[PDB]
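J.: This is the structure I have questions about; it appears just below.
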Amino acid sequence: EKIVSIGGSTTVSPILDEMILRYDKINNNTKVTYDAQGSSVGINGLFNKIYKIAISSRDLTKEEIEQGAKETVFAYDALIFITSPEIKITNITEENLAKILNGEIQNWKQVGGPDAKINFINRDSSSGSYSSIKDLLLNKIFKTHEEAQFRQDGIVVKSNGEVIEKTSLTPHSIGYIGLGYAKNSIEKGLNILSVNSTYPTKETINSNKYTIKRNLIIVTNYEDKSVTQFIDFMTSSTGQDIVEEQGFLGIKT
């Protein structure tokens, strides 16, 4: 029997677990396991021969590449920005969006919108969504730690569904939710913004034209056949159906 020990991001545990059990229907001669203590721990475990594959929700560093790391994307965790429907703005650049998030822009007029104070609805700081927006927008747009902090008087809520409800009740408001909640936001009569003139769709997220997403990547360090086989399953149509059945966005196959 072959053994493929995998480690990495906590966010994809039930996807990896289902992939393991479904791949076992095809090939019961490999034992695959997933231990989810985080992306960085997974990559460290890969380099130390504890894992043969790491699953990461963050981009590899140059040091990791220099140590031989290679990656293939297999899923996306995208976020979208929703507003109350009386703000007529339909599009925002990443730069301006980051300045709303960090409090440098606090009235819609500052970007040509109506004269109306912005009510920013933020997520709780323990959430994955908060972490993703901080990492994807604030930490990339702003040079210093002090600048790369959220506006401190945001209206804080503890779930995607509550961002939608709060946005529906709060005038001139903006919040962020996972892509999977787009339908719910529309049914509630809210508006989803384009970012850099790009709406978040499977095509624009796959092309990397829509910028607000984490790329979930398979990381290896010539692989064992057992590893190649499992990765081939992960990126297969069945693998990708599992990704989407569990609320993430798949790649093209």
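All residue names refer to the structure tokens as shown: chains lettered A, B, ... in order, residues numbered from 1 in each chain, ligands numbered from 1 in order.
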Please return, as a list in words, all residues of region 131-197 of chain A that DSSP assigns to strand (DSSP E) on the basis of the backbone.
T.: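 Written out, the strand (DSSP E) residues of region 131-197 of chain A are residues 155, 156, 157, 173, 174, 175, 176, 177, 178, 191, 192, 194 and 195 of chain A.
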J.: Check region 84-223 of chain A with DSSP on the backbone and list each residue it calls alpha helix (DSSP H), as a PyMOL selection string.
T.: chain A and resi 94-101+128-133+139-141+160-169+182-187+202-206
J.: Write to file, as a compact mmCIF listing (two decimals), in the first residue's frame, the residues of the selection just made, with N, CA and C atoms.
T.:
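New file part-v4.txt:
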```txt
# COMPACT_ATOMS: atom_id res chain seq x y z
N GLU A 94 -9.56 48.69 -6.76
CA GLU A 94 -9.01 48.11 -5.54
C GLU A 94 -8.43 49.16 -4.63
N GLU A 95 -7.74 50.14 -5.21
CA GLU A 95 -7.13 51.19 -4.42
C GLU A 95 -8.18 51.96 -3.62
N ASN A 96 -9.26 52.37 -4.28
CA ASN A 96 -10.28 53.13 -3.59
C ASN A 96 -11.04 52.28 -2.58
N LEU A 97 -11.25 51.01 -2.93
CA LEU A 97 -11.90 50.10 -2.01
C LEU A 97 -11.08 49.95 -0.72
N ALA A 98 -9.77 49.78 -0.87
CA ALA A 98 -8.89 49.68 0.29
C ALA A 98 -8.94 50.94 1.15
N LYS A 99 -9.06 52.10 0.53
CA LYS A 99 -9.15 53.35 1.26
C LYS A 99 -10.50 53.50 1.97
N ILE A 100 -11.57 52.89 1.45
CA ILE A 100 -12.83 52.84 2.23
C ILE A 100 -12.61 51.94 3.45
N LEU A 101 -11.98 50.81 3.22
CA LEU A 101 -11.78 49.83 4.28
C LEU A 101 -10.91 50.34 5.41
N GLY A 128 -12.48 34.16 9.01
CA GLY A 128 -11.66 33.95 7.83
C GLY A 128 -11.85 35.08 6.84
N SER A 129 -13.07 35.58 6.73
CA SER A 129 -13.36 36.63 5.77
C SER A 129 -12.58 37.90 6.08
N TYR A 130 -12.55 38.28 7.35
CA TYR A 130 -11.75 39.43 7.78
C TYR A 130 -10.28 39.22 7.40
N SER A 131 -9.76 38.04 7.69
CA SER A 131 -8.37 37.73 7.39
C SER A 131 -8.09 37.87 5.90
N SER A 132 -9.01 37.38 5.07
CA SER A 132 -8.82 37.41 3.63
C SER A 132 -8.82 38.84 3.10
N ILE A 133 -9.73 39.68 3.59
CA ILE A 133 -9.79 41.05 3.10
C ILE A 133 -8.56 41.82 3.59
N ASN A 139 -3.20 44.79 3.29
CA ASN A 139 -1.77 44.53 3.41
C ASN A 139 -1.03 44.69 2.09
N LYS A 140 -1.75 44.62 0.97
CA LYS A 140 -1.12 44.79 -0.34
C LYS A 140 -1.14 46.23 -0.81
N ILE A 141 -2.18 46.98 -0.46
CA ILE A 141 -2.30 48.34 -0.96
C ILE A 141 -1.47 49.33 -0.14
N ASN A 160 -21.76 35.96 7.26
CA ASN A 160 -22.13 36.42 5.93
C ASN A 160 -23.59 36.84 5.86
N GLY A 161 -24.48 36.03 6.42
CA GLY A 161 -25.90 36.36 6.38
C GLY A 161 -26.20 37.66 7.08
N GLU A 162 -25.51 37.92 8.18
CA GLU A 162 -25.71 39.19 8.87
C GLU A 162 -25.13 40.39 8.12
N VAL A 163 -24.06 40.22 7.35
CA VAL A 163 -23.64 41.33 6.49
C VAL A 163 -24.78 41.73 5.55
N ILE A 164 -25.43 40.74 4.94
CA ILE A 164 -26.54 41.01 4.04
C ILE A 164 -27.67 41.73 4.78
N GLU A 165 -28.08 41.20 5.92
CA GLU A 165 -29.17 41.82 6.65
C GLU A 165 -28.83 43.24 7.08
N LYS A 166 -27.63 43.43 7.60
CA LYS A 166 -27.22 44.74 8.07
C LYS A 166 -27.15 45.74 6.90
N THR A 167 -26.64 45.31 5.75
CA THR A 167 -26.53 46.18 4.59
C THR A 167 -27.95 46.60 4.16
N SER A 168 -28.89 45.67 4.21
CA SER A 168 -30.27 45.95 3.82
C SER A 168 -30.93 46.96 4.74
N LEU A 169 -30.46 47.07 5.98
CA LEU A 169 -31.05 47.95 6.97
C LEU A 169 -30.29 49.23 7.19
N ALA A 182 -23.82 35.44 -3.04
CA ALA A 182 -24.25 36.41 -4.04
C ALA A 182 -25.74 36.31 -4.31
N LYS A 183 -26.24 35.09 -4.52
CA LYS A 183 -27.66 34.93 -4.81
C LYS A 183 -28.53 35.52 -3.69
N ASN A 184 -28.15 35.23 -2.45
CA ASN A 184 -28.85 35.72 -1.28
C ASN A 184 -28.86 37.25 -1.22
N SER A 185 -27.77 37.88 -1.63
CA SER A 185 -27.69 39.33 -1.60
C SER A 185 -28.58 39.97 -2.66
N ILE A 186 -28.64 39.32 -3.82
CA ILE A 186 -29.50 39.74 -4.91
C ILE A 186 -30.99 39.60 -4.52
N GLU A 187 -31.36 38.44 -3.97
CA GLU A 187 -32.73 38.20 -3.53
C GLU A 187 -33.17 39.21 -2.48
N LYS A 202 -17.24 32.90 -12.44
CA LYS A 202 -16.30 31.81 -12.54
C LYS A 202 -15.20 32.13 -13.56
N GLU A 203 -15.55 32.77 -14.67
CA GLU A 203 -14.57 33.08 -15.71
C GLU A 203 -13.55 34.13 -15.27
N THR A 204 -14.01 35.20 -14.63
CA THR A 204 -13.09 36.26 -14.25
C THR A 204 -12.26 35.87 -13.04
N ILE A 205 -12.78 34.99 -12.19
CA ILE A 205 -12.00 34.54 -11.06
C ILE A 205 -10.92 33.56 -11.56
N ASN A 206 -11.29 32.65 -12.44
CA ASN A 206 -10.31 31.74 -13.02
C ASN A 206 -9.20 32.44 -13.79
```
J.: In Å, rounded to a single decimal, give me how far CA of residue 59 (chain A) is from CA of residue 145 (chain A).
T.: 19.6 Å
J.: Name all residues at most 12 Å from residue 64 (chain A) (count only C-alpha atoms; drop same-chain ones fewer than 2 positions away) and give them as a short mmCIF file (atom, residue, chain, number, x, y, z; two decimals) with N, CA and C atoms, in the first residue's frame.
T.:
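The resulting file, part-v6.cif, is reproduced below:
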```
data_model
loop_
_atom_site.label_atom_id
_atom_site.label_comp_id
_atom_site.auth_asym_id
_atom_site.auth_seq_id
_atom_site.Cartn_x
_atom_site.Cartn_y
_atom_site.Cartn_z
N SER A 40 0.77 27.50 6.39
CA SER A 40 2.21 27.60 6.62
C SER A 40 2.75 26.33 7.27
N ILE A 43 3.05 23.64 4.54
CA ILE A 43 4.24 23.80 3.70
C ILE A 43 5.51 23.44 4.50
N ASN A 44 5.59 23.87 5.75
CA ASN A 44 6.75 23.50 6.57
C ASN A 44 6.83 21.98 6.72
N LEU A 46 5.70 19.75 4.60
CA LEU A 46 6.17 19.28 3.30
C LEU A 46 7.69 19.32 3.20
N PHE A 47 8.30 20.45 3.56
CA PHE A 47 9.74 20.58 3.44
C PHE A 47 10.47 19.65 4.40
N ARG A 58 -2.67 30.59 0.78
CA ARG A 58 -1.85 31.77 0.57
C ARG A 58 -0.76 31.50 -0.44
N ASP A 59 -0.33 32.57 -1.10
CA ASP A 59 0.69 32.45 -2.13
C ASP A 59 2.05 32.11 -1.54
N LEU A 60 2.77 31.29 -2.28
CA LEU A 60 4.12 30.86 -1.94
C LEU A 60 5.06 32.05 -1.94
N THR A 61 6.07 31.97 -1.09
CA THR A 61 7.11 32.98 -1.05
C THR A 61 8.25 32.60 -1.98
N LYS A 62 9.13 33.56 -2.26
CA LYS A 62 10.33 33.27 -3.04
C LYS A 62 11.19 32.22 -2.34
N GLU A 66 12.48 28.75 -3.87
CA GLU A 66 13.89 28.41 -3.89
C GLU A 66 14.17 27.04 -3.26
N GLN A 67 13.31 26.63 -2.34
CA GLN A 67 13.42 25.32 -1.70
C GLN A 67 12.74 24.24 -2.53
N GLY A 68 12.23 24.59 -3.70
CA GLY A 68 11.72 23.59 -4.63
C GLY A 68 10.21 23.50 -4.70
N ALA A 69 9.49 24.38 -4.02
CA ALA A 69 8.03 24.27 -3.99
C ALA A 69 7.47 24.57 -5.36
N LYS A 70 6.43 23.81 -5.71
CA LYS A 70 5.68 24.00 -6.94
C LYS A 70 4.21 23.98 -6.60
N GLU A 71 3.40 24.74 -7.32
CA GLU A 71 1.99 24.80 -7.01
C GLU A 71 1.09 24.69 -8.23
N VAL A 219 0.55 22.09 -3.26
CA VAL A 219 1.98 22.36 -3.20
C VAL A 219 2.75 21.05 -3.04
N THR A 220 3.75 20.87 -3.89
CA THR A 220 4.66 19.72 -3.80
C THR A 220 6.08 20.21 -3.88
N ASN A 221 7.03 19.33 -3.60
CA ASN A 221 8.43 19.72 -3.55
C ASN A 221 9.27 18.94 -4.55
#
```
J.: Grab the CA of residue 223 (chain A) to CA of residue 54 (chain A) distance for me, in Å with one decimal place.
T.: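 So the two atoms, CA of residue 223 (chain A) and CA of residue 54 (chain A), lie 13.2 Å apart.
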J.: With distances taken over only C-alpha atoms, which residue among A:102, A:173, A:39, A:27 lies nearest residue 138 (chain A)?
T.: A:102
J.: So, counting only C-alpha atoms, which residue among A:107, A:83, A:91, A:57 is closest to residue 136 (chain A)?
T.: A:57
J.: As an exercise, work out the distance from CA of residue 213 (chain A) to CA of residue 113 (chain A) in Å and give it to one decimal place.
T.: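 Between CA of residue 213 (chain A) and CA of residue 113 (chain A) the gap works out to 26.0 Å.
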J.: From the list A:214, A:117, A:16, A:177, which residue is nearest residue 235 (chain A) when using only C-alpha atoms?
T.: A:16
J.: Please determine, counting only C-alpha atoms, which residue among A:189, A:243, A:103, A:178 has the shortest atom-to-atom distance to residue 152 (chain A).
T.: A:103
J.: Of the candidates A:52, A:76, A:175, A:85, which one gets nearest to residue 122 (chain A) if we count only C-alpha atoms?
T.: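 Smallest distance to residue 122 (chain A) is found for A:175.
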J.: Tell me which of A:225, A:171, A:93, A:80 sits closest to residue 116 (chain A), counting only C-alpha atoms.
T.: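 Of the candidates, the smallest distance to residue 116 (chain A) is held by A:171.
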